Structure formats: C-alpha cells, structure tokens
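Participant: Pasting an experimental structure, sequence included:
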Amino acid sequence: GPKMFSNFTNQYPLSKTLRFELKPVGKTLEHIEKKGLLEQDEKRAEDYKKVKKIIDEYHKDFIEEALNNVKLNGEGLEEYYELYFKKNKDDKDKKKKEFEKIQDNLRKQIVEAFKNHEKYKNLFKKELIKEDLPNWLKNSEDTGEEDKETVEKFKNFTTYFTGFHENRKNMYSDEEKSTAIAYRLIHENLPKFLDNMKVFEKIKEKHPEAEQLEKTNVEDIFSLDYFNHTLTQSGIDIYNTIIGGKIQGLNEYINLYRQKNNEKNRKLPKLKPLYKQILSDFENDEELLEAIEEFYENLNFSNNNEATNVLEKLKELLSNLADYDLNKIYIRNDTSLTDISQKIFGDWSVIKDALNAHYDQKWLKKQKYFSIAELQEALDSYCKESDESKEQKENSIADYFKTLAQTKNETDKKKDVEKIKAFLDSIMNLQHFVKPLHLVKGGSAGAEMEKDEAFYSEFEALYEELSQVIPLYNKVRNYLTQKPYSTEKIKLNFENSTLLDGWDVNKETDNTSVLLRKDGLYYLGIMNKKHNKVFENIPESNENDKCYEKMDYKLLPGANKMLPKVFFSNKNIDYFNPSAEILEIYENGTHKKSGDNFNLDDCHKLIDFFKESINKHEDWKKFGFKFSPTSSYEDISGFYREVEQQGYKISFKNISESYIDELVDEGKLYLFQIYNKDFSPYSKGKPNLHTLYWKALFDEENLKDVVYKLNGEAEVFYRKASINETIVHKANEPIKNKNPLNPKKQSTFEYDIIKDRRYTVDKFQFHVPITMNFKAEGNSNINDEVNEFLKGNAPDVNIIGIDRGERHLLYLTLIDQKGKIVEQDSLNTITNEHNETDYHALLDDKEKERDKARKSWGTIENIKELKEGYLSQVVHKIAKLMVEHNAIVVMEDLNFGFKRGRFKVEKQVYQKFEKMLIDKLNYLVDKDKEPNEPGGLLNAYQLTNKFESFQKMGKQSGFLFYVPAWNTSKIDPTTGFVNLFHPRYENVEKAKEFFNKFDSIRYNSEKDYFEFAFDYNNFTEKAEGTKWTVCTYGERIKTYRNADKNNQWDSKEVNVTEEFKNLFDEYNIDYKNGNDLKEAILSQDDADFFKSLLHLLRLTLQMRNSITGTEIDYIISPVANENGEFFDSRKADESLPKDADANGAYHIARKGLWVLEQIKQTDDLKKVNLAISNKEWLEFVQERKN
RNA sequence: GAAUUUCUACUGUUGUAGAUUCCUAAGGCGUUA
DNA sequence: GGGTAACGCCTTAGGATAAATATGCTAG
DNA sequence: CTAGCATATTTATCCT
Ligand SMILES: [Mg+2]
Ligand SMILES: [Mg+2]
Ligand SMILES: [Mg+2]
Ligand SMILES: [Mg+2]
Ligand SMILES: [Mg+2]
Ligand SMILES: [Mg+2]
C-alpha cells in the first residue's frame, strides 16, 4: 500500500521562483509611458554594467596592489611542499589534518595581507562609489569624463550595488570556496607549480639534453621562494611567458625537444601553465550584395588590359602545365594528395603507398612539399596492385589538372541566397582544387628550390586574387548564420533602489510594493516613489462598496540576527533593560555551542530573556507566539527555529475599489495584474503547478499551518517585442492537425491564432520567490531513514530500472523482490490520458530535418530542446509509477560505471534527465490528489535529497539508487551466463594454448548442435561461477567490415552450427560418432583455419544480435538452464525481457534488488556500502538456486 | 505554417497535458573557422 | 597536428530581510 | 544656528 512514502513528507524546506506576467490595469501603462519609466530603467541597465566594469577595474588594481607586498613565511611553504610529496600512503591523521591546517594558515595569511591594506576598510560601502572611485578615476591619466559621469549617476543610488558587493566579497574570504583568491593561490596554482618543479627536477636531471638550457637567475623561476612573485597577476603572466607555449618559452623548447625518440614518449612531464588570477584578463544584405558584386567584377571583369579573368587564366595556366618542366613544380603533401589519388585512380591511397614504398623507406624525412617529377616517377612504378599491365598514365598529374580545369564540367563560367551560395561553393571548390600548387609561407621545412619562373611567377600573382574568398566566405558564414525571438529583458526599478525587497507592512513605504486580490485575481501595485504613503492611511474599509484585499504581510526574517539587534541596540536597550548577568552571558558567548564556554543554564536564561523581550515588543507579540517550555531547549538553535517558524503571518485587509481606481488614475499607483493562462476566464482544465503554488500561498488551510511562504526580493522585468512579422492562422479557416493519431483531421477557430503571440508585443515579467515546507525539520539527507525503512519493512517494495536503449530512447522495467517482471514498456512513446505521442518518431524526423536544413543555414536548432522537453514526460511517468507501484528507482551511475556511446540518449542528456528526476522527487505533488492527502498540494512527497552536484550524490539519493552499468545488457536473463572472454588473435602457439584449456569440445548427435564445455577458472585471473556449456544454436547475426563495398556493416543471418560443420568437414575432421573434438584440433598448421575457428567462437558468444536497417534486435542465449532450453527474447513469456534493450533495464532492476538485499541483511545501517563489485554481481546472477 | 511565466507535444477552442528556481558573480573544459 | 575567441557545456559562490543608524532637508 | 521628518545605507550573526 501507500505506507512507504506516507512518512516521507515534510522533510526539508525548498525554495523556488515562480514567474508571471504583469498586465497593466487602467491608466498604469499611460502614466508609465508619460513619466518615461522604461527608457530610464533601460538606460540604468547600461549605466549599471559600465559602473560594474569600473568597479571590477578598481578591484583589479586593489588586488595587484595588495598581493604585491605580501611575504610568505616560507617555512610553512616548505611544510606544504614536503606534505605534498609524502606519497600516497594513507589518509591518516597527519596526511589530512596537517594538510588542511597548512592550507588554512596560508589562506589566512593571504587574507590578512588583503585586510591590512587601507582601501579594504570601505571597499564594499557607499564610500567606494561616492569618493574612492571618482578619486581613483581622477588619479588615472586616461580616465574619461564619460566614466566619471557614469559613476556620478549612482552617487545617491548605492544600495543598488548591494548584490554586486556581496558577489565581490567572496574573493576576499578565508573559506575554501572556488570563488576566492586565497583558495585559488593555495589550492590550484601551487599544486601546478610543484608539478612543474618535479617534472623539471626529473627531466633536467636526466640530462639527455638537445634543447637550449637558456642559462647563457633564469633557474630562479622554478626554484622555491619564487612562488611569492607569482602571487599577483603580473607574476603569473611572467611565469607563463617564461614557460611559453612573441618570446620563446621553456614549454615551447621542451615540446620541440621531444623528438628523435630520446624524450619524445615523455610528453606527460610537459609544463602546465599556472591558472589565471581571479578577476584578471556584416551590417545588412546591401553590403553583402555590394561585396559579392565587387568580387564578381574583380573575377570576370570585361577582358580589358590583357585577360584579367582569373577563371579562364588559371584554367589555361593549368592546361599549360604539361609543357612546363616538372622537375621544379612542387605539390602539397596534405589531403590534396588523397583527393588526387581518389580522382586519378579511384583509390585514395595509391600515391601515398607509392611514396611510402618506392620513393624511400627511417622516418622517411617527412617534407611538406614534394615535386611533380618525383610523383610521376613513383606512379610509373607502384607495384601495380590491381590494374592493367601497362597504364596509359602519360603526364597523369598534369592530365588530371587540365581535365578538372576545363573538361570536368565545361560550366565553370557562370540577392537570392541560393545563387550566391552556389557561386561561392563552386568558387572555393576551385580554389581548394588549385591550392596544392600554391606555396604556403616561406622556408617551410627547407625545399623551395629555384622554381619555374614562367609558370610560378604568374601563378603566385594569380592565386592571391582567388584567395580572397576565404575571408569573404568566413564573413558570409558569420553574418548569414546568426533564433526567431529574443529573451533579453530589462529590469525595472520604478525609481526605487530597494524595490520588492520585502512585503512587510512596516517596510512598504520603502519597498513601495503591495499585493491586492479581487474575485480570485491577484494584482501587484507598485506605488510611485513621490507618493509612497498612499496606503499608510486608508480612508475607510466599509463592506458595502466593492473592495480589494490588500495583503498584510508580517515576517521576522532571522531570529539569530533580528533578536539581538532589536534587544541590544542603543535605541531599545533601555526599554527591554537586559540584566548585567544576561549581558555578560551574551558577551562571553556562553549560550553559543561553538564556544568552549557552553552552558545550558546560560542558554536557558538568555532564551527566557528573549521570550520576555518578545512579549514586550508590540509588533512581535501580535504573532501569537507559542513556544515550547524553556527547559526542553537543547540550545539556542531550537528557540531560533521556533521563532523563525512562528514569525510569519499573512492577513488581508479590505480597501475600497474607488480609492484604488483614484490612485491609479492620478498616477500615484502603478497597478498590474499577476497573470497566467490559468487565471483567464476561459481556463477550465487542471491549472499549472506553479499556479497551484501561488494560489496556495494565500490559502486559508495553508495559512493555518504554513507550507508555502511568500519570500521577499522579487523582481519585475520588461521584455520588448522581438518578432515583427507574424504568422497568423486566419479565423474561420480549417487548420490541419499535426497529430496522426488524432481522429479529428481539421479544426476551425472563430478567432486568429498568431504564432509566438507572446513575443510580438511588449510583456512585463514578475519573478516571485516562494518557499515550500516552511516548517520543515531539515532532514536534507533522508538516506538513513530510507534505508532503515527498507530494512525494517520490504515484503512489498518493487524495483524500477531505467536504461537508455540502443534503439529505444529509454526502456523501463519493474520487478518484484523475486525478480519477476510486472511491467515492460519502452518510453519512446508516452501514453498520457490523451492520445500518445511518438517522441521517437519526432526525434528521428527532426534529426534529418536539422541536418538537411543546416546546409540551408536555417537556424532551426531545436533537437536539444525537444529532447530536454521529452524528458519531462518521462519524469512524470516515473513519479507516477513510483507512487502507484511502491517501487524504488535504480539507474546507471554516470560518474563511475558509465557505458559506451551509440545510444540515443547520450551521457550529457542522461545526466540532465537524472537531475530533473531528482529535482521533481524533491517536491512531488499531484494535481488530482486532495490537498491534505499525502502526495497532495499541502502534504507533498519528498523522496530524494536536495540536489547540489553530480559528484556529491553517491550510490543513493533517497529512494533512487545508482549502480554501475557494467554487464547489464549482454547477459542471459534466465541463467547468469556472461561472455568474459577476451580471445583476440595472435600466432598459432597462443591460440593452441587457448583452445587447450577447454574441458570438452564435442558434437551432440541429438538436436544438431555443438557443445563447448569448459570452466571459467582456466580463463583469466578469476575464480568464480561454475563450468558452463557454450553451444552453437543461438548466434545468427554477423557483420563483415565497417565500410566499402563487398564488406560492410551488413547483417547476414548465418547458422553457426552449419558453418562449424562445414569448417570442420572441409579439413577431414570427423565428428559423426560424437567423439570429443579435442583430438585432431591440435594438428597445427593452416593458420587461416585457426582464424576462422576463432571468429566463429567469437560469433557463437555474442549476446546481442543487431541489424542496422531493420528494427528487430533480439538477445538469444548460448546455454540452457536446467531443462535444455535456450533463452530467446523473440519467444518471451512476459516474465523475461522482450527486447535487446529490455535486458539492460531488467538487469539494472536486478542490481537494485541486490542493493535491497544488502540493505536488508546488514544490521550496521547508516554506514553500509552500496557500491556493487563485478565479482559480487557475477555471483548474484549465477546464484544457482533463485 | 498553432495561442503559453517559460519549455516541449498539441488543438485538447481566446486554450489542452506534463515539466518549470530566478537574479547576479567567478572559474574550468569542448567544437571549430 | 605547432602560440586564434564567437559559441556550447560543466563547476562554484551570494541572495531570496526587517530594523537600527547615519545623513540630507525643512525650519529657525 | 537647528527638533523633527524622511530617506538611504548598513547591520544583526544558530547549528547541523
Ligand atoms: Mg529605498
Ligand atoms: Mg493545464
Ligand atoms: Mg544500458
Ligand atoms: Mg541494451
Ligand atoms: Mg500550459
Ligand atoms: Mg511549441
């Protein structure tokens, strides 16, 4: 039943941001436009970006000025150096504790260097933008009045930089966070420095020197006590340019020195550069047409002042190549030779084989440019693999050149993209063809001897005119290829530095924002900053008139900060009058547990004082606080949690509609409507999930016991129109349906349907942060509870396995505790309550669509978005199956245990799918369940730990278990047979030794198949399982090769029994009587027979028989299971996988079953390990009795 | 040639079904012309 | 495969606040 | 000289 997840609700809190659209009401938009609140806020974005860049430059200079004067102790540096070189050993107390201690000491030294500088006192305050930044700009000579004006525009608006200052505070921190300077300089740069030191101390001390030592100080860069110099960005740059790789560097020297096999193999010791210091570093179609016409005129011209037409001049010059001497004409060694071989002979390797077999035999002295005469000589004798005895090549190179020059097509001479693209295609095809004869740069590995003047002198001047296409083609491909709509939105402030930062009643003349509600529609009023007291004094609240519902939001944000601040402030300390004992308790930190002076009595006394002060405070005693007895508090954390949980209430006050209308009309209030398509009068179906969250924020049931909290610091954005031309489906005209399974062929609408209507007009935005499970205990890691429940009670817990199939996008298999399969279904088609969608067909069609439209340069993209919008349906299906069938979910481990390629859902997409399922199961609601029923809106399931990173999650994420997908597809489902063989092919001796360890090779008189009896103990350094009996009945499909004709990736159904019979009979081997075949197979000789026998042996052991063209893909067993029956996926009994992709999901489910058995058996929970091993998995599948 | 806070599949009829945590900052890696 | 940055991913970090306090303006 | 008001800016710092 539902007992499994009934106790896994309300575990830890979550925070999410809901997005809406703001529709201005009445004269809101008119007044917004009149006061120019949109241009101002779009200019503020540019000003904010420029001032942030200026502050970044200021921080750059401060970092360069601070780290320059720091001097590390050095002895601690030597301690870190020796600890880093103490070998692997073990993670004992020393290797970890002293490592962390020295790292923290160095980091704190760097941070102390930061703090000592005078500029650090007011680096994150109003002083920075008021005085320090203008003074710093004035000091700089280059400066600029524009920069000073931009900074001065924020002289009374500094609070707008609070988030940026918080972002920039992370760099000057002690904690080991990636966004820090000390952390970088002690954890990332220094290990690279020591690695460079050790690779130098190895390679240089070896002394096989052939490079320049650069000695004829110098070596001080690599010695110790120099890490102080490379602390700044200038030092890092100096170290990198010394390393190098326009000044010669050590890395360049060593890379050039790795040749002649003296040190070439030792490429790993290559010097890695240090990491960079933190925070340190066409127009239109008319112009394109003009450039195209200019190049056309430059190409053809009008045949004036001699023939300047490059198209025919180059053709004539190439036709004249035969008359020119071939002893001085050079040819490129690049893929142009491959093209020449493919065109002249039809084989792309003839010329290269001639050059590597007849021209010379060492490393061939590889040169960039060969000579035409040498190629002619080589082609005159190329061993004539398969051709006429005498080949009429003549001047084969020149013959091919002139052939492609004129007789190839006789069509070289010639606004729409098609014509321009075809012309460009022909042009750079010709330029690629003529490129081999061009001399690249000068002094390219020698050669470049005295050239043919009469040919090459004209050729070099002719080719430069045609070489202008490459930059032209680059510009064309850069300009022509650039999405229909745009998602750039301007943030709106409404003249308030702190807007929407909080909803509290007291803090509403400062944030100038309220919520209103009427007839189930939620509005948002952002009052003008000039009149911010309009809501302070409501004239009346009579109920006869139609009334809005203004929200009375009250909150106590943080108890640990708010309580001492209010109760221990010079303004209020007299009112509350803390006793001397309480003041001493707070000062000495006795209440805190982190301090060594922890005292339960002091903490309880402070808690009692806080309770009394809260009772005294007028705005806080209205919260209706109800605390536990003070004697039950373990520490101050419990009291703070209680205050935070109970310090939040929402009430709705009634205000006249006429007052709001007058405020909107007069321009004092900007009234929007928080809108969603579920808020429309025509909406009738199930509302969106975020709409349910928003409406539950203010529900009476929710407000009785808060589950949803309205968080402050919201944002209002403005998105401009992005799509000018519209594709509109006119009204009263039938529209063809896009769903083939839909019975209704056409639909008629009495109104227009504009494509992407949300992007053709200006739309406001509203991002509302909300919190789920406000009063949650905080069990962020439910693994201990899930494991305890699974061990205690699991007679009815099923297992679900998800594997990305080769053909099927994703395959699902649900199994019991006994391994019996209940449900098998490929997730390629999702059958929801409506007609099913063939997502496999969609992706299959759209991949072809994208690859064919890429040449057309239509920026369709998609594919990714469809595959990332497909996985949402799969996540919904998985959640439904988990809730309905009481099953855990087991998946592939993509960190350690990932699979190969050639699956539809690649590793990158599968990681995102796993992340999406983890996120969904963090808070899992059903739009159909009751609000209070478990799994409903107010009692949501929480079946997964909060997601932080792919690496942080281990082998268990709550109810999701991760297993290595090693040996999950190519295993028999019935028995546990696995093909662990790695035969390969070698000489006769090793093959004969291999076949010598088979127990018994024989022919079965009955049923007409071979028996290959053996034991796994003879093969590989493993001792597991028992002796198997591999047969020759269940292996059909075989492929010849990977490419080319007469051998290809083409399936050929062949009976291995018949082929084995023919192979044995054709060398007079007798097997009719049924005798053991070990004799007469040791006859040796005829190695090809051994290759054939070994290929059949590999053939008779493959599990997955696949055909590329046809969809059939079946797994068929080579061994029987206690009844002389060989498994076959084709003739399955619905208790075994029906498909070659089903086997992976079934075996992942079985791995999860093994995980469940391990959890149940162990009595040492909260410490047990779940990472399965290959030996244990092999023993599990080969468990004899099931 | 298809409406959406936003995405995907739709017509499920001014919308249907299921995802949907947003803003800012820093760093690392990969394709290539 | 020799010392190129426009895109495309990944990692990490801060926040999702009311109230005390300092400062500018009116008034004197 | 100048008490009071209104606004902008900073601050208060649990424990797992
Ligand atoms: Mg303000
Ligand atoms: Mg709906
Ligand atoms: Mg798999
Ligand atoms: Mg498979
Ligand atoms: Mg929708
Ligand atoms: Mg769409």
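Facilitator: Thanks, I have it. Residues are numbered from 1 along each chain as shown, chains lettered A, B, ... in the order given. Ligands and ions are numbered 1, 2, ... in the order given.

Participant: Can stretch A:53-65 be said to contact RNA strand B?
Facilitator: Yes. Stretch A:53-65 is in contact with RNA strand B by CB under 7 Å from any atom of the strand, via residue A:56. C-betas here are computed from N, CA, C, even on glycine.

Participant: Any buried residues in that stretch, and which?
Facilitator: Neighbour-count burial for stretch A:53-65 flags A:54-55, A:57-59, A:62-63 (criterion: 16 or more other CB atoms under 10 Å).

Participant: Return the member of these nearest to residue A:478.
Facilitator: Nearest to residue A:478, judged by CB to CB, of those is residue A:57 at 30.1 Å.

Participant: how close does the closest one sit to ligand 2?
Facilitator: Residue A:57 is 50 Å from ligand 2, where distance means CB to the ion, to the nearest Å.

Participant: in which helix or strand would I find that residue?
Facilitator: In the assignment (DSSP states H and E), residue A:57 maps to helix A:39-66.

Participant: Would that helix count as contacting DNA strand C?
Facilitator: No. Helix A:39-66 does not reach DNA strand C (CB under 7 Å from any atom of the strand); its nearest approach is 13.6 Å.

Participant: list the helices and strands the helix or strand that that helix is followed by packs on?
Facilitator: On the C-terminal side of helix A:39-66, the closest following helix or strand by DSSP H and E is helix A:75-84. When contacts are defined as 3 or more CB pairs under 8 Å, 6 or more residues apart in numbering; DSSP states H and E, helix A:75-84 sits against helix A:93-116, helix A:189-206.

Participant: The longest one near DNA strand C anywhere?
Facilitator: No. Contact of helix A:93-116 with DNA strand C is not found when judged by CB under 7 Å from any atom of the strand; the minimum separation is 14.2 Å.

Participant: who are the neighbours of that helix, in terms of helices and strands?
Facilitator: Judged by 3+ CB pairs under 8 Å, 6+ apart, helix A:93-116 is in contact with helix A:75-84, helix A:181-187.

Participant: That helix: what's the following helix or strand?
Facilitator: Next along from helix A:93-116, by DSSP H and E: helix A:126-127.

Participant: which residues are in contact with that next one?
Facilitator: By CB atoms under 8 Å, 6 or more residues apart in numbering, the residues outside helix A:126-127 that reach it are residue A:158.

Participant: Next, see if that helix gets close to DNA strand D.
Facilitator: Yes. Against DNA strand D, helix A:126-127 shows contacts by CB under 7 Å from any atom of the strand at A:126-127.

Participant: so how far is that helix from its chain's centroid?
Facilitator: With CA atoms, centre = their mean, to the nearest Å as the basis, helix A:126-127 stands 40 Å off its chain's centre.

Participant: try stretch A:425-436
Facilitator: 39 Å.

Participant: Equivalent analysis for stretch A:302-310, please.
Facilitator: 56 Å.

Participant: Phi, psi for the residue in the stretch 101-250 of chain A that ligand 2 sits nearest to please.
Facilitator: Nearest residue of the stretch 101-250 of chain A to ligand 2, counting by CB to the ion: residue A:163, 35.0 Å away. The phi/psi pair for residue A:163 (degrees, to the nearest 10) reads phi -60, psi -40.

Participant: re the thing from before, which one of the helices and strands packed on helix A:75-84 lies nearest to residue A:992?
Facilitator: helix A:189-206 (43.5 Å).

Participant: Need the residues that contact that closest one.
Facilitator: By CB under 8 Å, 6+ apart, helix A:189-206 touches A:80-81, A:84-85, A:222, A:224, A:227, A:230, A:236, A:243, A:254, A:263, A:266, A:269-275.

Participant: Would you show me how to pick out the buried ones of these in PyMOL?
Facilitator: A single PyMOL command selects the buried members of the contacts of helix A:189-206 (16+ other CB under 10 Å):
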select buried, chain A and resi 80+81+222+227+230+236+243+254+263+269+271+273+274
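
Participant: Strands - which of the contacts of helix A:189-206 land there?
Facilitator: Among the contacts of helix A:189-206, no member falls in strands (DSSP state E).

Participant: Return the most buried member of the helices and strands packed on helix A:93-116.
Facilitator: Sort these by mean neighbour count, taking mean count of other CB atoms under 10 Å, and helix A:181-187 sits at the top with a mean of 22.

Participant: what about the most centrally placed residue in chain A, distance to ligand 4?
Facilitator: Residue closest to the mean C-alpha point of chain A, counted by CA atoms, centre = their mean, is residue A:908 at 5.9 Å. As for residue A:908, its distance to ligand 4 is 19 Å (criterion: CB to the ion).

Participant: and if you look at residue A:621?
Facilitator: According to CB to the ion, residue A:621 stands 66 Å off from ligand 4.

Participant: hang on, that residue packs against residue A:615?
Facilitator: Yes. Between residue A:621 and residue A:615 a contact is recorded at 5.6 Å, counting by CB atoms under 8 Å.

Participant: Can you identify each of the helices in the stretch 501-650 of chain A by residue range?
Facilitator: Counting by DSSP state H, counting those that start in this stretch, the segments of the stretch 501-650 of chain A that form helices are A:559-567, A:573-576, A:580-588, A:600-616, A:636-646.

Participant: mind giving me CSV with these and columns for mean neighbour count?
Facilitator: CSV is the format used below for the helices of the stretch 501-650 of chain A (neighbours: other CB atoms under 10 Å):
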stretch, mean neighbour count
helix A:559-567, 17
helix A:573-576, 13
helix A:580-588, 14
helix A:600-616, 18
helix A:636-646, 18
